[PDB]
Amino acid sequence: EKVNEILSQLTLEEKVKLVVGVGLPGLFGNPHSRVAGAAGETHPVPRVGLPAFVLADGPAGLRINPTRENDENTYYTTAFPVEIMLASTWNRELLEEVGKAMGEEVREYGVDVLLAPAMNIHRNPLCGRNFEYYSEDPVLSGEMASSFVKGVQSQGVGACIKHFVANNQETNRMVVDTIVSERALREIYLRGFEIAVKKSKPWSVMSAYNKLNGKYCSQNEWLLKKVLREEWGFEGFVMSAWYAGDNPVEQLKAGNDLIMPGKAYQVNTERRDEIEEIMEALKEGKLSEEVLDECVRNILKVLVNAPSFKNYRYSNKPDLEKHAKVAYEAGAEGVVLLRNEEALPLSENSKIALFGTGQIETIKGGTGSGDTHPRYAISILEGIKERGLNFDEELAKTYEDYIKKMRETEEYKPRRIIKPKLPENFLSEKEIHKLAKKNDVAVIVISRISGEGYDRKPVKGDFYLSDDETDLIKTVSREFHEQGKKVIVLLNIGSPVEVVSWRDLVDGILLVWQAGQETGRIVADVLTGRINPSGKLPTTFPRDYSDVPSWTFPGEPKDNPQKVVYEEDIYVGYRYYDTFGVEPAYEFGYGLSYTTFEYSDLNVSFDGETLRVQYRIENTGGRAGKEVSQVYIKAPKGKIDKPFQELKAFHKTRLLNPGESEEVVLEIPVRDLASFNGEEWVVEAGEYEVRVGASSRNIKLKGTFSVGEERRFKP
């Protein structure tokens, strides 16, 4: 009743103020948000008891200013592992915990809505923001997102799933027209958002920068209204990506309730003030008051539940120590062991020769709106020191000295905030020979960073190893292998890189991604086996970039794309590699363990409305560990073309001791089995195959069931 009451009290002008942000806080002419560093604020209306609501990034943790002027207090937040690493956990419960921790910091720092999680599909590994997205698969993505949203919103604050939809490249994102069939949309790109919307009920959705089939997402009625609302039954409000679109009136008409951050003229001289443009449109009858009321109601019906609406006295003192444990745990389960030829874990007291500048310049996460400002960030070297591991102390000082020297130099000093990539081959061929005799093992850090606004390139030093990185690995490998010793590589990266050319040169490979503030601790602990790797890939690692099915990336013309066509359609990520027989370097769902697991006791039953899959996993190794199991369904060929198989469920065991087992029981609604034929979802009659895998290509148990009667669903 409150909402309809406030609504009835508002004047036309106050209503317009409410659907437009107050401008980017603390930049240009604008005052700081009462939470300094926050991404945006709504217009207050004291008249009718509406406060300003505060919105802030981001996916890796709350992003606000750590300090404030005329203030002795401190406002640090927890920097969690990046989303691609969180997805690697394949652990819903854990993602929910990460949401709660973040949510407590959101609430207690006076924020009302967290601008997370990001959940665009990994269409192409070069997308600059892949690090802060979950997966190339909509079920993994949707399920991780749902868990995170539930976590955040258990804390009395709102989540915001973004970016809706098909924002799968950074190049010309604010302008590019994304051409995608309705089938690709419904099966791949819309699909994760559908799951999140239906299962977790996020307070808000952020419409994407890009056009979708001719229309800006922020101004796309089919997207924000027919699909989101009418079909899916979304009950929240939609906000625009910052400065997205070109027409505030079209945005409101489309179902984009909240225009952020407001004052677009401050960034684009050709935009009018949106309040003035809207007021004029109302005056002229270009926009009806009824549409305006709907947008305002969508906003209030959600935000009357925000802490700010009840004048919540936030503490400015969240439990950072408790949240750090959660960040460490998330990182611990998200590391992916890609290769282990009797190399890991390291023996106790093993003397480590630590290589690569990334050991010191460790990447905690990518740049942009999804960045964070934690009190600390434990480098790989620091974590190893902290845990008291036996490392070459002379070498570590050499690296420290070399980085200082290089970063002080003109060519490599941080510019404007990028740090030029350092040469990694500064050690002499004889210096490394000395290292091989002195130490027991080699550990080489390979680091990459990416971020909002920039796409990566299929070139050396980016997707490919730079020549100096290749030379370092070759030399270290040769030297240490001659001495009978093992070499380990740590991939401190945010998205796939080439691995085929060098992986056979080394014995161990740990994909440690970018693990936030606790990175070095997580990494050290994985090396010694205190952590048993349980992460599995949420995205495909291709042998070569030319293998990638999304070849049109980043569009036409390449250097200034006005449009990009998803030629590969539904056949993206593993759906492509499986269906057309292209072998990846490492497949979707792949990941090793320090122990072994045996799958057994498969039972499959379909009562016509629910597919029930049960099996048993036993730890047959000598170290406790968790196992991620994946259930792929292979639908019959029947009427329409379909991928080879599709992930429909997944699970992760508790921490099993040697000899322990766990019974897995998963249920899949019949509707989930459907393919979209362009008009409707269809679950074709026929024999289906259940494929329970330790990865999409390591199937451990197979069974079948039959659909007797075709089922159809209109969107």
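Throughout, we count residues from 1 along the sequence that is shown.
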item	value
Residue stretch of maximal mean CA temperature factor, 220-228 vs 344-352	344-352
67-75 set against 632-640, stretch whose average Cα temperature factor tops the other in the entry	67-75
Highest-ranked of 503, 211, 478, 123 once sorted by CA temperature factor in the record	478
Out of 363, 139, 84, 441, highest CA B-factor residue	441
Where the record places residue 47 (Cα B-factor, split into thirds across the chain)	highest
Chain thirds of CA B-factor: placement of residue 32	highest
B-factor third for the C-alpha atom of residue 667 within its chain	middle
Third of the chain, ranked by Cα B-factor, where residue 580 sits	lowest
Position of residue 390 among the chain's modelled residues by C-alpha B-factor, lowest, middle or highest third	highest
